[PDB]
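Laid out below as structure tokens are two forms of one and the same protein chain, each shown alone and named structure 1 and structure 2.
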Structure 1
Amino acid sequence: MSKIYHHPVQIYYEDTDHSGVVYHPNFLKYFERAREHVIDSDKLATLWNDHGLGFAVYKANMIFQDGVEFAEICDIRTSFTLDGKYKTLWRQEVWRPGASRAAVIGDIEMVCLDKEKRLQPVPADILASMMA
């Protein structure tokens, strides 16, 4: 497993529901953002523009342990491990300010697809970026 990467996410009105906490599907959005920052979003845009390759989530196993509130700045904490040429495993967690446990945990499995939905190996330049 890699080191832990950190990405802040602020909770705005778009993120909450009428129950007073973050609406749960939004956590996968925050996890997506955080993976982009590990990879480098400019490299993702170049890879898609120039080669029509992009990544897809194959599996996501989520645990929602605590409610996250409006105006919190949470830390998305991410690590990755390579699992062969095709798969990347991500551990991602949402931590509320000062918390002693993750509010949300995800174990995510990612693949790389072309525009025909065929699996492709993770490009070396992406892996380089991820490990830089």
Structure 2
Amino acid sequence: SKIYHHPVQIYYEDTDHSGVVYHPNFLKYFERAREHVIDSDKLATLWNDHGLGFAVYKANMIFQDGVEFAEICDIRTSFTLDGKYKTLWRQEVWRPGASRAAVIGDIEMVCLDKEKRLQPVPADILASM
């Protein structure tokens, strides 16, 4: 895919008392950013037409710098097809002008039927990206 961009602002809800973003939250921001790549309409169409859904199977996170209250960051997201069944997503939290990401995620998503068996990703949901 191309690199998608999704802005995230850090609010009170995002920080803990150590004074930085509470680390589990980054996976939430990554999930949000993915919802802008494969939106709810696409997911609903996949479910109704094909009986398929995507699930996160693995998420490997590297936390490289603390992020403060009131920062606006850019979530950079791209994915590749890995065979018929799996999508591998690279997601990164960036600051303007930085030379490296604050947080990196490698996310593996599988395409499952209602019997929780792997099924090929249909061509139509992939087509726009």
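We call the rigid core whatever largest set of C-alpha positions still superposes within 1.5 Å between the two forms. Each residue is numbered by where it sits in the sequence of structure 1, with counting from 1.
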Residue among 105, 28, 38, 47 with C-alpha shift of 2 Å or more between structure 1 and structure 2, core superposed | 47
Just checking, between structure 1 and structure 2 and with the core aligned, does residue 114 shift 2 Å or more at the CA?
-> yes
Honestly, after the rigid core fit, is residue 96 moving at least 2 Å at Cα between structure 1 and structure 2?
-> yes
Superposing on the core, what C-alpha displacement does residue 124 show between structure 1 and structure 2, in angstrom?
-> 3.2
Provide the displacement, in Å, of the CA of residue 81 between structure 1 and structure 2, taking the core as the superposition reference.
-> 0.1
